[PDB]
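Colleague: Chains as they are written, first to last, in PDB author numbering: chain K, 31 to 55; chain J, 11 to 31, 46 to 59, 96 to 104, 110 to 129; chain O, 506 to 590; chain w, 1 to 132; chain v, 1 to 132; chain t, 1 to 132; chain u, 1 to 132; chain S, 149 to 295; chain s, 89 to 175. First the structure, then my questions, so here it is.
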Amino acid sequence: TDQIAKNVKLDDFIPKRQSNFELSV
Amino acid sequence: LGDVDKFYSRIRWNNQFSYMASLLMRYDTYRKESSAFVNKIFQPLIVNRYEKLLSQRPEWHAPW
Amino acid sequence: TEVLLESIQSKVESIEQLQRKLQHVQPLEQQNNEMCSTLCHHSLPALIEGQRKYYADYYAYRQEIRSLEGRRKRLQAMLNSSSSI
Amino acid sequence: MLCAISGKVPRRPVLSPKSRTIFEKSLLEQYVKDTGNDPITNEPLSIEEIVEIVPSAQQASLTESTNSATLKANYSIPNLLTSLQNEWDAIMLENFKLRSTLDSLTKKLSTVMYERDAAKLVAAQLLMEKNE
Amino acid sequence: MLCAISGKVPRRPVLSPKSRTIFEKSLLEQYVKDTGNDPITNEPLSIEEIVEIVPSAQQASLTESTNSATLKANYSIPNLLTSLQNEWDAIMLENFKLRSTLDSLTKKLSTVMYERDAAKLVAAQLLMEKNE
Amino acid sequence: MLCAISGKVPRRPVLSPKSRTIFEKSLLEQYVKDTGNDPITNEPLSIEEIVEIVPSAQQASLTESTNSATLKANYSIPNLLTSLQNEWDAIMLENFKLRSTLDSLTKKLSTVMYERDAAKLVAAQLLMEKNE
Amino acid sequence: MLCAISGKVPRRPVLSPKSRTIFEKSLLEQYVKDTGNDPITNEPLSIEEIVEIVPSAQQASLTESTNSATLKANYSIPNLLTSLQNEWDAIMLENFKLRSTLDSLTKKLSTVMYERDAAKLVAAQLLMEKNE
Amino acid sequence: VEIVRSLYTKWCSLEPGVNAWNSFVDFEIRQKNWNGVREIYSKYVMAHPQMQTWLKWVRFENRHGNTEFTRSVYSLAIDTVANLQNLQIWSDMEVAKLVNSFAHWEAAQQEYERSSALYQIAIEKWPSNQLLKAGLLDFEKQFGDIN
Amino acid sequence: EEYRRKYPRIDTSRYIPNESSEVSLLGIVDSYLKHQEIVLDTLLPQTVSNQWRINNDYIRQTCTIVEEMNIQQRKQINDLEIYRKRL
Numbered sequence: 031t032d033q034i035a036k037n038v039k040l041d042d043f044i045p046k047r048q049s050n051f052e053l054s055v
Numbered sequence: 011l012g013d014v015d016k017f018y019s020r021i022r023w024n025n026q027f028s029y030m031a046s047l048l049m050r051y052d053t054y055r056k057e058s059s096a097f098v099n100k101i102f103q104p110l111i112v113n114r115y116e117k118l119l120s121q122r123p124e125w126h127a128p129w
Numbered sequence: 506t507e508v509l510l511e512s513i514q515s516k517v518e519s520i521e522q523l524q525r526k527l528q529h530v531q532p533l534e535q536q537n538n539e540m541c542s543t544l545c546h547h548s549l550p551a552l553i554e555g556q557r558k559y560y561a562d563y564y565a566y567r568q569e570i571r572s573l574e575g576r577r578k579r580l581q582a583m584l585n586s587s588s589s590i
Numbered sequence: 001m002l003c004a005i006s007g008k009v010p011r012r013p014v015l016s017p018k019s020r021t022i023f024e025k026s027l028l029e030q031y032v033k034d035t036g037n038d039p040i041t042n043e044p045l046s047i048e049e050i051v052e053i054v055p056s057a058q059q060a061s062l063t064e065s066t067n068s069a070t071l072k073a074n075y076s077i078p079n080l081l082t083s084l085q086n087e088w089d090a091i092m093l094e095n096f097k098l099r100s101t102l103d104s105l106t107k108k109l110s111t112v113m114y115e116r117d118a119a120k121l122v123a124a125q126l127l128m129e130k131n132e
Numbered sequence: 001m002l003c004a005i006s007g008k009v010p011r012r013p014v015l016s017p018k019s020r021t022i023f024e025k026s027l028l029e030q031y032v033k034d035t036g037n038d039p040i041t042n043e044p045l046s047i048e049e050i051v052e053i054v055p056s057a058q059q060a061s062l063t064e065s066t067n068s069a070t071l072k073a074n075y076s077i078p079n080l081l082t083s084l085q086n087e088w089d090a091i092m093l094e095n096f097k098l099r100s101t102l103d104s105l106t107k108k109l110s111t112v113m114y115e116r117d118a119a120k121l122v123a124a125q126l127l128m129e130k131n132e
Numbered sequence: 001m002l003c004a005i006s007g008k009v010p011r012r013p014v015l016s017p018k019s020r021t022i023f024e025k026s027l028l029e030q031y032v033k034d035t036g037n038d039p040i041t042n043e044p045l046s047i048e049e050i051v052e053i054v055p056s057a058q059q060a061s062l063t064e065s066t067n068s069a070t071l072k073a074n075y076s077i078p079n080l081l082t083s084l085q086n087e088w089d090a091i092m093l094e095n096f097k098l099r100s101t102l103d104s105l106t107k108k109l110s111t112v113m114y115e116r117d118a119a120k121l122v123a124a125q126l127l128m129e130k131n132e
Numbered sequence: 001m002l003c004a005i006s007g008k009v010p011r012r013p014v015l016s017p018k019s020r021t022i023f024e025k026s027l028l029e030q031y032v033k034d035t036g037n038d039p040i041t042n043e044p045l046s047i048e049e050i051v052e053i054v055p056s057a058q059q060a061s062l063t064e065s066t067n068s069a070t071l072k073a074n075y076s077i078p079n080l081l082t083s084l085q086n087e088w089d090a091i092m093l094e095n096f097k098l099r100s101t102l103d104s105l106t107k108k109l110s111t112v113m114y115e116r117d118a119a120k121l122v123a124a125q126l127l128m129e130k131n132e
Numbered sequence: 149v150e151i152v153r154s155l156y157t158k159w160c161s162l163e164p165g166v167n168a169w170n171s172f173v174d175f176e177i178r179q180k181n182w183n184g185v186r187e188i189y190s191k192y193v194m195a196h197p198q199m200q201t202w203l204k205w206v207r208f209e210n211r212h213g214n215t216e217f218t219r220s221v222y223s224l225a226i227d228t229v230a231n232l233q234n235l236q237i238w239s240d241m242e243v244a245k246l247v248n249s250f251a252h253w254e255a256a257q258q259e260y261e262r263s264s265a266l267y268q269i270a271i272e273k274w275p276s277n278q279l280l281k282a283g284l285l286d287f288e289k290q291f292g293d294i295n
Numbered sequence: 089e090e091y092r093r094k095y096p097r098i099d100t101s102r103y104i105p106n107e108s109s110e111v112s113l114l115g116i117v118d119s120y121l122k123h124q125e126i127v128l129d130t131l132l133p134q135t136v137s138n139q140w141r142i143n144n145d146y147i148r149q150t151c152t153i154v155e156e157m158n159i160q161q162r163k164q165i166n167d168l169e170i171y172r173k174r175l
């Protein structure tokens, strides 16, 4: 099941730009 | 007789049967085949994130 | 004859040992048979019964359309027949 | 039958008339819309030429009245017959090789028997010369 | 995809262009020789119109693994002969069942048709009496 | 195998490579001497191109033993298998024709049942309007 | 003409260009694919070098009409299956006889070979003892 | 038990410290769920590449697993540090302890030849590690020769 | 039962060996057994698992397709019943 700490996701902690510095914003 | 048996087997193989031919077990079969690495043995991050980070280069800036 | 009976008995034992070796495939055969049973005994018959029902309902709908057109024609024909007296 | 692009049973099968091969409708149509070519032969192909195969409603109704026994029977008479033929072929080849071997072995046996008797004669002669 | 005649996997798959349907080559060619027609549509069909489908090697493996005696560990020539006899028995039983069913259905249909014609007659008679 | 010229079993079988056909040696040699051409294809042929078929020593012993009853048994396994295959094709076609007739009868039965029930309803309305 | 492997009348006759001998297509193709050699001469042979013999229309009609006319008396599927079983038994008896003879001869050959080497050894030892 | 398991699965999926992973392993050990402990370690070495994590896994397989697995986990450890050497994740002392542990384990299993091959190939791969040469000296002084 | 009584059938039971059996029949049985042995030892082990996998995949996809056909059929029936309710 996925009822435990449903609002907490690993991706929320990972900085999106580390995989690609040139990411467009 | 054994050579004949092997012949009959090889014939039956060619004429019909040939058309029909966990982390540790996966690792062992990969070892047999060996006669990035992480993405072939593990199946989804940390090591991938770190190597992807190390591959890039920060832009150079003059010192203040 | 004795040598033949011995050869036969030995081959029989050997064959039984080989068949025992092949028992590791029985789980796949069981899964296969369960799938086949679900396909043959449930899913196909249900599909065909649905098709028969659809064919029948479609013929009915075609009749209903013809009956509506025929009501409009029967009204026109009654009118024309009364105008032809 | 399997789609030649996906290697899976197609959900909407089509035949390319150029390659005479079955494909998934979406895959083939998209490939043509992008490339204008058949994916196997690279011949020019147009979407209008693609012959969509219809999975006959009769096919479903025919798999209904094929008894569950005959669908569970992992045998087909064609496949049984072909297996029997492949066995017959193999046994014919085996019997041929058996005959050829048996002949060679008879000739060899005769040769070895002559060699044995020649050895025995040399031995007996040396023994006689040793006793005299 | 199963042959629209046998309900089995076709060993040599062919497409009828008239019905856009897959068949076993032998079965379709025989039906066309006997009838000159497509088995599904009854439209006229020649042997030269049939589009033979080219099997991929994966299709070959599929054809030999589906409905093959080689799936079972009791594979042997006596067992092949017994399985063949058993399939023939099942097919004869199916043919018997088909005939018995068709006879029963013919009788039931004839009955319901006479009932329909009687009902139409009664409806017409009532309308006539009401209009007199 | 029969010589294509004489229609008889050749005593010295030869193959023309051009026509891939069996002849009696003397007949093919004489025809090539007279014409320079293969008697079937009319392509040019030379006496050096003729392939003389060597009867195997087994074929010689067998052509003595062809008076034996076991070669008069017209039941070679390939021939039995093919006869079985032809009977299977025939049965499959008969079964298919049966099934098709049965399905058509079923669709007719449904159609007639709907006609009957609509008729009966129309009649029951007319009878209501007649008894009022 | 009989296939040099099966000793039966072929159904798809082919000629090896090396041995100049007639075979059944399936048998010869299998033997070549296994060994790369002609089964008689043992010369290297490819499948493309095989010459498929074209039967004349009289040969095709004769093969069909001999099969037909002689099977006609026992053409029922049950008789076909019984004949197939009996033919298999005949083949299996022949194979068993062959294998048994080969085994017996191999044991005899082994014996005689041991005797020959024993005699050679004893001869050499007597020659040494006489030359001392 | 199943709720505790789902709790640990979520917690560990959030990439917590080594304490949470150790606790999850202890939980499955309490459950005598040895395959669960293999799967956890299979994830734990990714989340926490430190060599003490790999040595915790081999230490587990020695007491709760067969030798085929123990050899396979050591081979995973070496193949990992070999392929990922270019990242300099492990210090030399870590790789040295991994190789020494693997060599001494093969020496205990009486396959001294495979430990010798391990030392030779590892020294060839990483010549800059003095601690690995010293480990070969410690091994050779008791299982090797005078020369 | 009638078909079995009237028509001649393949009798495999004649292959069961007995002390009274003729040497010919014993030799036939021995040859059959030897071929079966060779097939079971050398051939089936390599292929049987693959054959079962291939058949299972093909059947699973067929089941999926026939379930989707059933759904599409029920949808067609419902759509037609809607149309009939708009008349």
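Every residue gets a Cβ at the ideal spot worked out from N, C-alpha and C, and that includes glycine.
#1: Helix, strand or coil for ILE53/t? Go by DSSP, reduced to three states.
#2: If I follow the unbroken beta strand (DSSP E) through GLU24/t, where does it start and stop?
#3: Looking only at C-alpha atoms, which of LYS107/v, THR66/v, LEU127/v, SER6/v sits nearest to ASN538/O?
#4: Would you mind telling me which residues of chain J sit closer than 8 Å to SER76/v, beta carbon to beta carbon, in chain order?
#5: Quick one: what does DSSP say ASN37/v is sitting in, helix, strand or coil?
#6: Taking the beta carbon of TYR114/w as the centre, do at least 16 other beta carbons fall within 10 Å, making it buried, or is it exposed?
#7: Can you pull out the residues from the segment 79-96 of chain u whose beta carbon lies closer than 9 Å to at least one beta carbon of chain v?
#8: Using only CA atoms, which one of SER171/S, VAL166/S, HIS252/S lies nearest to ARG153/S?
#9: Any chance the segment 37-49 of chain w sits against the segment 30-42 of chain v, with 3 or more Cβ pairs inside 8 Å?
#10: Looking at the secondary structure, which residues open and close the beta strand (DSSP E) in which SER16/v lies?
#11: Between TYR31/u and the rest of its own chain, which residues show a CB-CB distance below 6 Å, the 5 nearest in sequence each way excluded?
#12: Determine, for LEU2/w, whether the minimum Cβ-Cβ distance to residues of chain t falls below 8 Å.
#13: Please classify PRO128/J: does DSSP put it in a helix, a strand, or coil?
#14: From the DSSP output, in three-state form, read off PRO532/O for me.
#15: Establish whether the CB of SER108/s and some CB of chain O are separated by less than 8 Å.
#16: To the nearest angstrom, report how far apart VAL14/w and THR101/t are at their CA atoms.
#17: With a CB to CB cut of under 8 Å and the five nearest residues on each side skipped, what residues in its chain are close to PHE287/S?
#18: Closest to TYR75/u by CA distance: which of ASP34/t, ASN86/t, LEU105/t is it?
#19: To the nearest angstrom, how far is it from the Cα of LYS46/K to the Cα of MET199/S?
#20: According to DSSP, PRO78/v sits in a beta bridge with which residue or residues?
#21: For the alpha helix (DSSP H) that contains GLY12/J, what are its first and last residues?
#22: Tell me whether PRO123/J sits in a helix, a strand or coil according to DSSP, three-state version.
#23: Suppose contacts are defined by Cβ-Cβ distances below 8 Å. Is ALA119/u in contact with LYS108/w by that definition?
#24: Please classify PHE291/S as buried or exposed, where buried requires at least 16 neighbouring CB atoms within 10 angstroms.
#25: With 8 Å as the threshold, decide whether the Cβ of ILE553/O is near any Cβ in chain w.
#26: Entirely within the segment 540-587 of chain O and at least 4 residues each: give me those alpha helix (DSSP H) ranges in chain order.
#27: Could you tell me the distance, in whole angstroms, from the CA atom of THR21/v to the CA atom of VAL54/w?
#28: Could you check whether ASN277/S and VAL243/S sit closer than 8 Å to each other, using their CB atoms as the reference points?
#29: Can you find at least 3 beta carbon pairs, one from the segment 171-185 of chain S and one from the segment 116-124 of chain J, that sit closer than 8 Å?
#30: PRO44/v by DSSP, collapsed to three states: which one?
#31: If we ignore side chains and look at the alpha-carbon of each, how far apart do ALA31/J and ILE77/w end up?
#32: In whole angstroms, give me the CA-to-CA distance for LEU126/v and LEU126/t.
#33: Taking C-beta pairs closer than 8 Å, name the residues in chain v that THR41/w reaches, listed in chain order.
#34: Could you work out which residue in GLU90/s, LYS173/s, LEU131/s is closest to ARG20/J when comparing CA atoms only?
Modeller: Short version:
#1: coil
#2: 21-24
#3: When each option's Cα is compared against that of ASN538/O, the closest is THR66/v.
#4: Here the premise fails: no neighbours, minimum Cβ distance about 13 Å.
#5: strand
#6: exposed
#7: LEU81, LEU84, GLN85, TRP88, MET92
#8: Of the listed residues, the one whose Cα sits closest to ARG153/S is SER171/S.
#9: no
#10: Note, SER16/v: beta strand (DSSP E), 13-16.
#11: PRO39
#12: no
#13: coil
#14: helix
#15: no
#16: 28 Å
#17: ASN248, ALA251, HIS252, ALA255, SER263, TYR267
#18: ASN86/t
#19: Approximately 28 Å between the Cα atoms of the pair.
#20: By DSSP's assignment, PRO78/v forms no beta bridge with any residue.
#21: 12-25
#22: Of the three classes helix, strand and coil, the one that applies to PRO123/J here is coil, per DSSP.
#23: no
#24: exposed
#25: yes
#26: Those alpha helix (DSSP H) runs which fall completely within the segment 540-587 of chain O and span 4+ residues are 549-587.
#27: If you take the alpha carbons of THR21/v and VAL54/w, they lie about 6 Å apart.
#28: yes
#29: no
#30: The answer is strand: DSSP assigns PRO44/v an E or B state.
#31: 22 Å
#32: 6 Å
#33: None at all; the shortest Cβ gap to chain v is about 10 Å.
#34: Residue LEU131/s is the option with its Cα nearest to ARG20/J.
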